[PDB]
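What follows is one structure encoded as structure tokens, with my remarks underneath.
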Amino acid sequence: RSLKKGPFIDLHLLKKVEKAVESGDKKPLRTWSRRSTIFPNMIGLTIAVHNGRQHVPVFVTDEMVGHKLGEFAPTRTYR
Amino acid sequence: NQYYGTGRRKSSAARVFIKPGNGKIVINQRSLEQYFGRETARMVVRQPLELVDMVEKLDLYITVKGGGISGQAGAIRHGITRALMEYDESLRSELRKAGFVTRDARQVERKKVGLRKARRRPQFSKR
Amino acid sequence: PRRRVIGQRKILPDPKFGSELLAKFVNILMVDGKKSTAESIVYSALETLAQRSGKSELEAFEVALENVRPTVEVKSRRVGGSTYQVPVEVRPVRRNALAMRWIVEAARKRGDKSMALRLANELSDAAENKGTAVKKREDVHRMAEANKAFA
Amino acid sequence: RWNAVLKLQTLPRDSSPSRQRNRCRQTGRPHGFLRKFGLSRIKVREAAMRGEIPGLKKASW
Amino acid sequence: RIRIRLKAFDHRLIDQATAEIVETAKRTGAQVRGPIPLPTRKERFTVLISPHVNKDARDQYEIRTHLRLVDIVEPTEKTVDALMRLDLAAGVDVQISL
Amino acid sequence: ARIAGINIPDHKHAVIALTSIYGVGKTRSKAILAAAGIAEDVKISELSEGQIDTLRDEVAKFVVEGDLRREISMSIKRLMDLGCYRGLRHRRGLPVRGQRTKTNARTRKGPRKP
RNA sequence: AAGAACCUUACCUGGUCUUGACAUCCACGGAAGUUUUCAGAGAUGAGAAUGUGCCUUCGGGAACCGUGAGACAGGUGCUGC
RNA sequence: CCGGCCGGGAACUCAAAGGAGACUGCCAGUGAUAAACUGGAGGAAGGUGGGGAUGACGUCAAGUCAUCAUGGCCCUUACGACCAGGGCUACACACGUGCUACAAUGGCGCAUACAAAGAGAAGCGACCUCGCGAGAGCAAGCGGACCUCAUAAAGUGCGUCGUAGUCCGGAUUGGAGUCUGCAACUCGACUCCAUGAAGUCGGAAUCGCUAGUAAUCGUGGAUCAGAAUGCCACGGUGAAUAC
């Protein structure tokens, strides 16, 4: 898609991810960052991605390699 | 010998030279006709070689820069009428009646704050 | 205007063809500063007019214009009661202006091809005196004198 | 991209040219700043008309 | 050859420095070209007047940058130093390259 | 003829005929006709049948028509079922590409509603 | 407002501090500073390294940092009637 | 090497320093003879030459306590300060101010050609090579009448399209890419391929403009990491009508 030759991911979250990868899934992790672009290693693991007032529960699945954390999170309430 | 005439219009610098002879029209070392002189200032610059005499009595050498079509023409026009003086400038007195001894002074008016162009004013809600 | 006089410059005569009247016609016709596309249109229209009619060059558009020149125009005016339309006798200059003026709007309104052709066709049905320009001329004569003496 | 080197984003993000604003040097205003004096327009005018700024004058072109 | 390109707010001021380089040069040695004029740089600004709102009227400003160029084709090397240095160049900026 | 696509592009010049098929625009039309060796000016229907049969082979190479429609619809529906914002923006019927909605969503939102 | 992705940005939900982000002022200890780490979303707290310098009158002092004290600092807060 | 290129000429252009000229002055007529006016003369410029700068006494207890200063009032372990993410860009709507269209004086294709004003060192970045292009790698020259951005477009010459929601028009949306930055996720620009809504010229009503103007096509700057259809600046083409 876009953003040139390879995306960015968050360092502090990556060390928590290696616990989630090695030990397997446990619970939604409460993360302030939305910034990371998902790649295969985050798949099958419960995380939670901030919307500016709460971490939104994303369980990661197969095609999410195409996506960032942030995309599933709603920052503007509606009727 | 040579008869020189300068002139300007709209910041276009020209340099006209005249001597006797069955002249073709030479502009920047190419013909004006090979500069599309069917269209480019087509009879416009050959104004002193209209009213007071015919074309084929003077050889002519011209070098012009700046302007577009009408921009290029008037510097050469006012240089060529001034350069028309093989035996004196007596024909300027007849060209005075025609008005081609006086170049058109006019220039573009600047942009100023609060106008769309130069006199064009914006529209404004109610009154 | 109310006070100080206006009397503008008398424009360039058209190159070779020699009609300063047709030079003024292209200056009225001119779209958006394109004097170049205007001069491109006029000769193509003038050749197609003279080719169709079988006539000579200068008098072809001139005879077409001559029928469509009325001697009067009307003005909206009021002094007492609600608005009146008042006929007045045209200036001879403004006469030739008004004939040319209605032509360009008429040429836009035709069912025809591109502009050289459609303008020559408009001149054709003013030379034949049966089209839109004669219809626009043949109005004011009826309207006058129902309304004569107001200023 | 490459290895550990792209992961070196432990920087303060105060490094970036995306970060510093270029506020008005005298007043802190973050709007109306021309770089040439490095001030917002009003303190430029306040100085210029009071003749302090060298070689500066009105324009009438 | 050796040349001075000058820069100035005032045209009548850079004029005195390029007067002084001439009369210094033909005094101490010879061979100066005087002031080649060169086109003027004009820094034209426009800025908004009001503290708040009122976009409509603004004030225009200008800084005229007068340049001059002086060359010496002078080969008298041991009077070139006497031409050099000593001048204060009319209180406005000058640069002297070879 | 239908030229292996399902559209018939009758009585056009060949570049216009090739743009008329779904999934082929002016750029792809230029590449297909240059590949087949077929001049743009010629009327498409009029040309000899083996030169049509050449185009009938050539147009089939790129993915076109209802095949390209259903592929696009499947990626939209798939993303929409993910519950992504850009996905949900499909389901809600409002600007996906971040255009303003205070004014000017009038194409995608549609006719004015009471 | 001559430039809202963070910063900008003032506001919100969150995480924090309270002589503070910045002045003026004392004491006491420490060169300033250049390296690296764990825990944290970061601010940050909590580290190990190292360095330990121009004036000196041998109680120092200026550049400058950290801690603590009280006088205080601060406010795009309010009032353009 | 017949390219202003290289002697040279500095004539001449341009530039920028300094100056001249136009003052109702020259004449006639008209006008209370005066003031003034009309017309003509001569003259490159004639009746305030054109533009710009330049804004009377005073009006709206106008606007601005958020540029700043500041009387008074208030909070001062919170209305202060620091920091992360979010918001300021929402959307059944209404309006203002702009851009782009609805085309044939035009679209689309090839060839061909005159500018004017700028800006530039954590910059601008040729040239050269590489890439579908956006762009990428290597990299001179110049703090600028030199070098760079930078190859001005409308226009003009030929050819195609022919009245159609079109070889018009671009919305929307898909897929695949490039560029900046700690960061493109809410929330960037830009490229490529594909898709091809609305619109076939807009009600009542209303705005601007008297000459290099209106109109129309390009270029540039400030702002600036990246940010424009805005604003600010420049020129090209260039009118109509004013009883």
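Labeling convention for the structure tokens: chains A, B, ... as they appear, residues from 1 per chain, ligands from 1 in order of appearance.
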
Residue A:1 surroundings by only C-alpha atoms (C1' of nucleotides), 10 Å radius, close-in-sequence under 3 positions cut, as a VMD selection string: (chain A and resid 4 66) or (chain H and resid 175 to 177)

Go ahead and write the residues just picked, C-alpha atoms (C1' of nucleotides), as a PDB file, in the first residue's frame.
ATOM      1  CA  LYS A   4       7.349   3.612   1.310  1.00  0.00           C
ATOM      2  CA  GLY A  66      -2.234  -4.506   6.304  1.00  0.00           C
TER       3      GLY A  66
ATOM      4  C1'   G H 175      -6.119  -1.561  -6.113  1.00  0.00           C
ATOM      5  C1'   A H 176      -0.919  -0.747  -6.366  1.00  0.00           C
ATOM      6  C1'   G H 177       3.094   3.394  -5.298  1.00  0.00           C
TER       7        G H 177
END

Under the rule of at most 7 Å, produce a per-residue listing of chain E near chain H: chain, number, name, the closest pair of atoms, and the distance in Å, as a tab-separated table, using only C-alpha atoms (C1' of nucleotides).
residue	atom	partner	partner_atom	distance
E:37	CA	H:16	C1'	5.5
E:38	CA	H:15	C1'	6.0
E:39	CA	H:15	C1'	5.6
E:51	CA	H:67	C1'	6.3
E:52	CA	H:64	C1'	6.2

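Taking atom CA of residue C:11 and atom CA of residue C:117 as endpoints, the distance between them is 26.2 Å.
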
Up to 10 Å from chain F, what residues of chain H turn up? Count only C-alpha atoms (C1' of nucleotides) and give them as a PDB file with N, CA, C and O atoms (P, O5', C5', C4', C3', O3' and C1' of nucleotides), in the first residue's frame.
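And here's selection.pdb as it stands now:
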ATOM      1  P     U H  89     -12.127  22.904  13.249  1.00  0.00           P
ATOM      2  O5'   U H  89     -11.928  21.548  12.476  1.00  0.00           O
ATOM      3  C5'   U H  89     -12.927  20.523  12.396  1.00  0.00           C
ATOM      4  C4'   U H  89     -12.774  19.747  11.070  1.00  0.00           C
ATOM      5  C3'   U H  89     -13.219  18.296  11.160  1.00  0.00           C
ATOM      6  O3'   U H  89     -13.915  17.905   9.948  1.00  0.00           O
ATOM      7  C1'   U H  89     -10.986  18.350  10.478  1.00  0.00           C
ATOM      8  P     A H  90     -15.492  17.881   9.966  1.00  0.00           P
ATOM      9  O5'   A H  90     -15.815  16.856  11.121  1.00  0.00           O
ATOM     10  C5'   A H  90     -15.412  15.481  11.010  1.00  0.00           C
ATOM     11  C4'   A H  90     -16.193  14.564  11.953  1.00  0.00           C
ATOM     12  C3'   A H  90     -17.625  14.407  11.463  1.00  0.00           C
ATOM     13  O3'   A H  90     -18.082  13.053  11.606  1.00  0.00           O
ATOM     14  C1'   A H  90     -17.653  15.519  13.558  1.00  0.00           C
ATOM     15  P     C H  91     -18.998  12.452  10.470  1.00  0.00           P
ATOM     16  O5'   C H  91     -20.268  13.363  10.636  1.00  0.00           O
ATOM     17  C5'   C H  91     -21.569  12.851  10.933  1.00  0.00           C
ATOM     18  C4'   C H  91     -22.704  13.878  10.732  1.00  0.00           C
ATOM     19  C3'   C H  91     -23.068  14.211   9.274  1.00  0.00           C
ATOM     20  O3'   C H  91     -24.523  14.241   9.164  1.00  0.00           O
ATOM     21  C1'   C H  91     -22.688  16.216  10.455  1.00  0.00           C
ATOM     22  P     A H  92     -25.160  12.832   8.797  1.00  0.00           P
ATOM     23  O5'   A H  92     -26.724  13.079   8.796  1.00  0.00           O
ATOM     24  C5'   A H  92     -27.208  14.138   7.958  1.00  0.00           C
ATOM     25  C4'   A H  92     -28.719  14.288   8.014  1.00  0.00           C
ATOM     26  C3'   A H  92     -29.093  15.556   7.279  1.00  0.00           C
ATOM     27  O3'   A H  92     -29.080  15.261   5.865  1.00  0.00           O
ATOM     28  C1'   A H  92     -30.223  15.522   9.330  1.00  0.00           C
ATOM     29  P     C H  93     -28.592  16.397   4.904  1.00  0.00           P
ATOM     30  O5'   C H  93     -29.176  17.671   5.586  1.00  0.00           O
ATOM     31  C5'   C H  93     -28.923  19.008   5.164  1.00  0.00           C
ATOM     32  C4'   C H  93     -29.534  19.994   6.170  1.00  0.00           C
ATOM     33  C3'   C H  93     -29.222  21.441   5.807  1.00  0.00           C
ATOM     34  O3'   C H  93     -30.160  21.885   4.806  1.00  0.00           O
ATOM     35  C1'   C H  93     -28.728  21.138   8.079  1.00  0.00           C
ATOM     36  P     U H 160      -7.451  14.704 -40.567  1.00  0.00           P
ATOM     37  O5'   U H 160      -8.080  14.328 -39.140  1.00  0.00           O
ATOM     38  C5'   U H 160      -7.921  12.975 -38.645  1.00  0.00           C
ATOM     39  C4'   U H 160      -8.169  12.824 -37.126  1.00  0.00           C
ATOM     40  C3'   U H 160      -9.603  13.067 -36.581  1.00  0.00           C
ATOM     41  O3'   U H 160     -10.471  11.931 -36.810  1.00  0.00           O
ATOM     42  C1'   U H 160      -8.062  14.119 -35.179  1.00  0.00           C
ATOM     43  P     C H 161     -11.900  12.011 -37.509  1.00  0.00           P
ATOM     44  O5'   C H 161     -12.822  12.380 -36.253  1.00  0.00           O
ATOM     45  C5'   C H 161     -12.948  11.433 -35.148  1.00  0.00           C
ATOM     46  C4'   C H 161     -13.224  12.130 -33.787  1.00  0.00           C
ATOM     47  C3'   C H 161     -14.529  12.904 -33.600  1.00  0.00           C
ATOM     48  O3'   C H 161     -15.589  12.001 -33.209  1.00  0.00           O
ATOM     49  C1'   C H 161     -12.697  14.184 -32.777  1.00  0.00           C
ATOM     50  P     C H 167     -16.589   9.563 -27.185  1.00  0.00           P
ATOM     51  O5'   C H 167     -15.379  10.563 -26.890  1.00  0.00           O
ATOM     52  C5'   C H 167     -14.706  10.359 -25.616  1.00  0.00           C
ATOM     53  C4'   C H 167     -13.270  10.891 -25.577  1.00  0.00           C
ATOM     54  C3'   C H 167     -13.187  12.421 -25.601  1.00  0.00           C
ATOM     55  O3'   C H 167     -12.254  12.914 -24.603  1.00  0.00           O
ATOM     56  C1'   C H 167     -11.860  11.538 -27.306  1.00  0.00           C
ATOM     57  P     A H 171     -11.954  14.712  -9.318  1.00  0.00           P
ATOM     58  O5'   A H 171     -13.356  14.486  -8.615  1.00  0.00           O
ATOM     59  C5'   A H 171     -13.856  15.486  -7.698  1.00  0.00           C
ATOM     60  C4'   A H 171     -15.292  15.183  -7.248  1.00  0.00           C
ATOM     61  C3'   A H 171     -15.386  13.931  -6.356  1.00  0.00           C
ATOM     62  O3'   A H 171     -15.060  14.248  -4.988  1.00  0.00           O
ATOM     63  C1'   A H 171     -17.004  13.808  -8.057  1.00  0.00           C
ATOM     64  P     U H 172     -14.029  13.373  -4.140  1.00  0.00           P
ATOM     65  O5'   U H 172     -14.807  12.020  -3.953  1.00  0.00           O
ATOM     66  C5'   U H 172     -16.065  11.963  -3.246  1.00  0.00           C
ATOM     67  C4'   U H 172     -16.763  10.641  -3.578  1.00  0.00           C
ATOM     68  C3'   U H 172     -15.853   9.434  -3.344  1.00  0.00           C
ATOM     69  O3'   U H 172     -15.846   9.086  -1.933  1.00  0.00           O
ATOM     70  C1'   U H 172     -16.862   9.259  -5.458  1.00  0.00           C
ATOM     71  P     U H 173     -14.471   8.707  -1.250  1.00  0.00           P
ATOM     72  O5'   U H 173     -14.320   7.195  -1.627  1.00  0.00           O
ATOM     73  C5'   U H 173     -15.330   6.206  -1.383  1.00  0.00           C
ATOM     74  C4'   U H 173     -15.141   5.023  -2.335  1.00  0.00           C
ATOM     75  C3'   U H 173     -13.733   4.448  -2.448  1.00  0.00           C
ATOM     76  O3'   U H 173     -13.433   3.590  -1.331  1.00  0.00           O
ATOM     77  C1'   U H 173     -14.555   4.782  -4.599  1.00  0.00           C
ATOM     78  P     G H 174     -11.902   3.434  -0.952  1.00  0.00           P
ATOM     79  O5'   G H 174     -11.421   2.370  -2.048  1.00  0.00           O
ATOM     80  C5'   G H 174     -11.997   1.043  -1.934  1.00  0.00           C
ATOM     81  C4'   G H 174     -11.709   0.151  -3.148  1.00  0.00           C
ATOM     82  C3'   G H 174     -10.225  -0.137  -3.253  1.00  0.00           C
ATOM     83  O3'   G H 174      -9.890  -1.149  -2.292  1.00  0.00           O
ATOM     84  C1'   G H 174     -11.013   0.405  -5.372  1.00  0.00           C
ATOM     85  P     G H 175      -8.555  -1.023  -1.473  1.00  0.00           P
ATOM     86  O5'   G H 175      -7.541  -1.443  -2.617  1.00  0.00           O
ATOM     87  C5'   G H 175      -7.494  -2.835  -3.034  1.00  0.00           C
ATOM     88  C4'   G H 175      -6.739  -2.983  -4.364  1.00  0.00           C
ATOM     89  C3'   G H 175      -5.270  -2.649  -4.201  1.00  0.00           C
ATOM     90  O3'   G H 175      -4.582  -3.796  -3.643  1.00  0.00           O
ATOM     91  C1'   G H 175      -6.119  -1.561  -6.113  1.00  0.00           C
ATOM     92  P     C H 185      -1.894   5.977   8.209  1.00  0.00           P
ATOM     93  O5'   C H 185      -2.755   5.938   9.554  1.00  0.00           O
ATOM     94  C5'   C H 185      -3.840   4.971   9.671  1.00  0.00           C
ATOM     95  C4'   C H 185      -4.805   5.204  10.867  1.00  0.00           C
ATOM     96  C3'   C H 185      -5.253   6.665  11.024  1.00  0.00           C
ATOM     97  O3'   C H 185      -6.582   6.862  10.481  1.00  0.00           O
ATOM     98  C1'   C H 185      -4.039   5.984  12.959  1.00  0.00           C
ATOM     99  P     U H 186      -6.820   8.251   9.742  1.00  0.00           P
ATOM    100  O5'   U H 186      -8.384   8.500   9.777  1.00  0.00           O
ATOM    101  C5'   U H 186      -9.266   7.974  10.782  1.00  0.00           C
ATOM    102  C4'   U H 186      -9.438   8.907  11.995  1.00  0.00           C
ATOM    103  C3'   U H 186      -9.353  10.425  11.779  1.00  0.00           C
ATOM    104  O3'   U H 186     -10.501  10.898  11.045  1.00  0.00           O
ATOM    105  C1'   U H 186      -8.398   9.770  13.857  1.00  0.00           C
ATOM    106  P     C H 187     -10.450  12.319  10.316  1.00  0.00           P
ATOM    107  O5'   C H 187      -8.967  12.485   9.721  1.00  0.00           O
ATOM    108  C5'   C H 187      -8.593  13.683   8.988  1.00  0.00           C
ATOM    109  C4'   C H 187      -7.061  13.944   8.995  1.00  0.00           C
ATOM    110  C3'   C H 187      -6.195  12.679   8.816  1.00  0.00           C
ATOM    111  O3'   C H 187      -5.079  12.874   7.933  1.00  0.00           O
ATOM    112  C1'   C H 187      -5.491  13.839  10.696  1.00  0.00           C
ATOM    113  P     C H 193      -1.747   6.245 -15.327  1.00  0.00           P
ATOM    114  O5'   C H 193      -2.519   4.872 -15.221  1.00  0.00           O
ATOM    115  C5'   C H 193      -1.970   3.624 -15.685  1.00  0.00           C
ATOM    116  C4'   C H 193      -2.664   2.433 -15.015  1.00  0.00           C
ATOM    117  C3'   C H 193      -4.203   2.468 -15.063  1.00  0.00           C
ATOM    118  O3'   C H 193      -4.713   2.068 -16.353  1.00  0.00           O
ATOM    119  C1'   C H 193      -3.549   1.966 -12.910  1.00  0.00           C
ATOM    120  P     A H 194      -5.966   2.849 -16.919  1.00  0.00           P
ATOM    121  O5'   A H 194      -7.108   2.396 -15.911  1.00  0.00           O
ATOM    122  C5'   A H 194      -7.649   1.061 -16.034  1.00  0.00           C
ATOM    123  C4'   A H 194      -8.479   0.634 -14.813  1.00  0.00           C
ATOM    124  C3'   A H 194      -9.778   1.438 -14.741  1.00  0.00           C
ATOM    125  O3'   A H 194     -10.757   0.896 -15.633  1.00  0.00           O
ATOM    126  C1'   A H 194      -8.817   1.351 -12.614  1.00  0.00           C
ATOM    127  P     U H 195     -11.870   1.837 -16.264  1.00  0.00           P
ATOM    128  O5'   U H 195     -12.745   2.218 -14.999  1.00  0.00           O
ATOM    129  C5'   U H 195     -13.616   1.256 -14.375  1.00  0.00           C
ATOM    130  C4'   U H 195     -14.301   1.835 -13.123  1.00  0.00           C
ATOM    131  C3'   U H 195     -15.240   3.008 -13.447  1.00  0.00           C
ATOM    132  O3'   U H 195     -16.513   2.510 -13.934  1.00  0.00           O
ATOM    133  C1'   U H 195     -13.917   3.561 -11.575  1.00  0.00           C
ATOM    134  P     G H 196     -16.982   2.896 -15.407  1.00  0.00           P
ATOM    135  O5'   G H 196     -17.335   4.427 -15.261  1.00  0.00           O
ATOM    136  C5'   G H 196     -18.343   4.881 -14.331  1.00  0.00           C
ATOM    137  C4'   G H 196     -18.062   6.330 -13.918  1.00  0.00           C
ATOM    138  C3'   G H 196     -18.498   7.382 -14.959  1.00  0.00           C
ATOM    139  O3'   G H 196     -19.194   8.486 -14.345  1.00  0.00           O
ATOM    140  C1'   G H 196     -16.294   7.741 -14.404  1.00  0.00           C
ATOM    141  P     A H 197     -20.603   8.978 -14.877  1.00  0.00           P
ATOM    142  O5'   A H 197     -21.329   9.472 -13.541  1.00  0.00           O
ATOM    143  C5'   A H 197     -21.730   8.493 -12.546  1.00  0.00           C
ATOM    144  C4'   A H 197     -22.377   9.107 -11.271  1.00  0.00           C
ATOM    145  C3'   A H 197     -23.299  10.346 -11.367  1.00  0.00           C
ATOM    146  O3'   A H 197     -24.641  10.031 -11.804  1.00  0.00           O
ATOM    147  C1'   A H 197     -21.846  10.650  -9.572  1.00  0.00           C
ATOM    148  P     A H 198     -25.267  10.959 -12.931  1.00  0.00           P
ATOM    149  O5'   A H 198     -25.227  12.430 -12.304  1.00  0.00           O
ATOM    150  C5'   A H 198     -26.123  12.881 -11.260  1.00  0.00           C
ATOM    151  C4'   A H 198     -25.623  14.162 -10.532  1.00  0.00           C
ATOM    152  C3'   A H 198     -25.738  15.490 -11.319  1.00  0.00           C
ATOM    153  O3'   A H 198     -27.068  16.050 -11.245  1.00  0.00           O
ATOM    154  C1'   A H 198     -23.605  15.342 -10.378  1.00  0.00           C
TER     155        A H 198
END

Near-stretch 33-40 of chain D list (10 Å; only C-alpha atoms (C1' of nucleotides); drop same-chain fewer than 6 positions) as a PDB file with N, CA, C and O atoms (P, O5', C5', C4', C3', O3' and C1' of nucleotides), in the first residue's frame:
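out00.pdb, written as the output of this step:
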ATOM      1  N   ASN D  22       9.032  28.569  16.153  1.00  0.00           N
ATOM      2  CA  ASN D  22       9.498  29.859  15.678  1.00  0.00           C
ATOM      3  C   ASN D  22       8.552  30.940  16.163  1.00  0.00           C
ATOM      4  O   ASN D  22       8.070  31.775  15.403  1.00  0.00           O
ATOM      5  N   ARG D  23       8.260  30.955  17.474  1.00  0.00           N
ATOM      6  CA  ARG D  23       7.554  32.043  18.118  1.00  0.00           C
ATOM      7  C   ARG D  23       8.253  33.392  17.988  1.00  0.00           C
ATOM      8  O   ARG D  23       9.479  33.476  17.908  1.00  0.00           O
ATOM      9  N   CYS D  24       7.473  34.491  18.000  1.00  0.00           N
ATOM     10  CA  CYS D  24       7.953  35.857  18.137  1.00  0.00           C
ATOM     11  C   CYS D  24       8.972  36.035  19.245  1.00  0.00           C
ATOM     12  O   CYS D  24       8.699  35.763  20.412  1.00  0.00           O
ATOM     13  N   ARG D  25      10.180  36.507  18.907  1.00  0.00           N
ATOM     14  CA  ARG D  25      11.276  36.565  19.843  1.00  0.00           C
ATOM     15  C   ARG D  25      11.039  37.492  21.020  1.00  0.00           C
ATOM     16  O   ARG D  25      11.369  37.179  22.160  1.00  0.00           O
ATOM     17  N   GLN D  26      10.418  38.655  20.776  1.00  0.00           N
ATOM     18  CA  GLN D  26      10.004  39.533  21.845  1.00  0.00           C
ATOM     19  C   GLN D  26       8.749  39.107  22.598  1.00  0.00           C
ATOM     20  O   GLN D  26       8.715  39.182  23.824  1.00  0.00           O
ATOM     21  N   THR D  27       7.669  38.661  21.920  1.00  0.00           N
ATOM     22  CA  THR D  27       6.376  38.517  22.603  1.00  0.00           C
ATOM     23  C   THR D  27       5.842  37.108  22.747  1.00  0.00           C
ATOM     24  O   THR D  27       4.880  36.880  23.478  1.00  0.00           O
ATOM     25  N   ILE D  53      15.156  50.226  13.130  1.00  0.00           N
ATOM     26  CA  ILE D  53      15.634  49.225  12.187  1.00  0.00           C
ATOM     27  C   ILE D  53      16.406  49.863  11.033  1.00  0.00           C
ATOM     28  O   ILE D  53      15.836  50.719  10.351  1.00  0.00           O
TER      29      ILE D  53
ATOM     30  N   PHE E  45       8.271  44.072   1.328  1.00  0.00           N
ATOM     31  CA  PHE E  45       7.391  43.423   2.282  1.00  0.00           C
ATOM     32  C   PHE E  45       6.017  44.039   2.301  1.00  0.00           C
ATOM     33  O   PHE E  45       5.816  45.203   1.961  1.00  0.00           O
ATOM     34  N   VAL E  47       2.883  43.732   5.458  1.00  0.00           N
ATOM     35  CA  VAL E  47       2.416  43.050   6.662  1.00  0.00           C
ATOM     36  C   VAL E  47       1.141  43.664   7.181  1.00  0.00           C
ATOM     37  O   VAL E  47       0.824  44.833   6.956  1.00  0.00           O
ATOM     38  N   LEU E  48       0.359  42.854   7.921  1.00  0.00           N
ATOM     39  CA  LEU E  48      -0.892  43.281   8.507  1.00  0.00           C
ATOM     40  C   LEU E  48      -0.696  44.208   9.688  1.00  0.00           C
ATOM     41  O   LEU E  48       0.064  43.932  10.617  1.00  0.00           O
TER      42      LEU E  48
ATOM     43  P     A G   2      -3.779  33.255   7.399  1.00  0.00           P
ATOM     44  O5'   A G   2      -2.211  33.007   7.526  1.00  0.00           O
ATOM     45  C5'   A G   2      -1.338  33.555   6.521  1.00  0.00           C
ATOM     46  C4'   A G   2       0.097  33.151   6.838  1.00  0.00           C
ATOM     47  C3'   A G   2       0.530  33.625   8.238  1.00  0.00           C
ATOM     48  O3'   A G   2       1.494  32.726   8.852  1.00  0.00           O
ATOM     49  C1'   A G   2       1.737  34.781   6.609  1.00  0.00           C
TER      50        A G   2
ATOM     51  P     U H  67      -4.409  39.303  21.185  1.00  0.00           P
ATOM     52  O5'   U H  67      -2.898  39.343  21.685  1.00  0.00           O
ATOM     53  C5'   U H  67      -1.982  38.272  21.394  1.00  0.00           C
ATOM     54  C4'   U H  67      -0.525  38.762  21.264  1.00  0.00           C
ATOM     55  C3'   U H  67       0.050  39.493  22.474  1.00  0.00           C
ATOM     56  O3'   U H  67       0.522  38.581  23.483  1.00  0.00           O
ATOM     57  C1'   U H  67       0.555  40.749  20.596  1.00  0.00           C
ATOM     58  P     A H 222      10.048  33.050   0.157  1.00  0.00           P
ATOM     59  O5'   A H 222       9.091  33.673   1.266  1.00  0.00           O
ATOM     60  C5'   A H 222       9.331  35.020   1.747  1.00  0.00           C
ATOM     61  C4'   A H 222       8.078  35.562   2.436  1.00  0.00           C
ATOM     62  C3'   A H 222       7.554  34.720   3.600  1.00  0.00           C
ATOM     63  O3'   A H 222       8.312  34.989   4.798  1.00  0.00           O
ATOM     64  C1'   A H 222       5.779  35.253   2.211  1.00  0.00           C
ATOM     65  P     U H 223       8.914  33.748   5.565  1.00  0.00           P
ATOM     66  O5'   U H 223       7.618  32.919   5.963  1.00  0.00           O
ATOM     67  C5'   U H 223       6.664  33.502   6.880  1.00  0.00           C
ATOM     68  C4'   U H 223       5.418  32.618   7.052  1.00  0.00           C
ATOM     69  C3'   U H 223       5.582  31.115   7.315  1.00  0.00           C
ATOM     70  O3'   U H 223       5.774  30.819   8.714  1.00  0.00           O
ATOM     71  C1'   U H 223       4.028  31.469   5.565  1.00  0.00           C
TER      72        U H 223
END

Step one, run DSSP on the backbone; step two, keep only residues of stretch 37-66 of chain E assigned to strand (DSSP E); then write them as a PyMOL selection string. chain E and resi 41-48+58-66

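The alpha helix (DSSP H) portion of chain E consists of residues 11, 12, 13, 14, 15, 16, 17, 18, 19, 20, 21, 22, 23, 24, 25, 26, 27, 28, 77, 78, 79, 80, 81, 82 and 83 of chain E, with states taken from DSSP on the backbone.
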
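Taking atom CA of residue A:60 and atom CA of residue A:47 as the two end points, the separation is 7.7 Å.
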
Taking 6 positions as the minimum chain separation for residues in the same chain, which residues sit within 10 Å of residue C:114 when counting only C-alpha atoms (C1' of nucleotides)? Answer as a ChimeraX atom specification. /C:41,107-108 /H:104-106,162

Within 9 Å of residue A:63, counting only C-alpha atoms (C1' of nucleotides), which residues qualify if same-chain residues fewer than 6 places away don't, as an MDAnalysis selection string? chainID A and resid 39:40 43

Nearby residues (only C-alpha atoms (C1' of nucleotides)) at most 9 Å from residue C:29, same-chain spacing under 3 positions excluded, as a PyMOL selection string: (chain C and resi 24-26+35+38+100-101+103-104) or (chain H and resi 240)
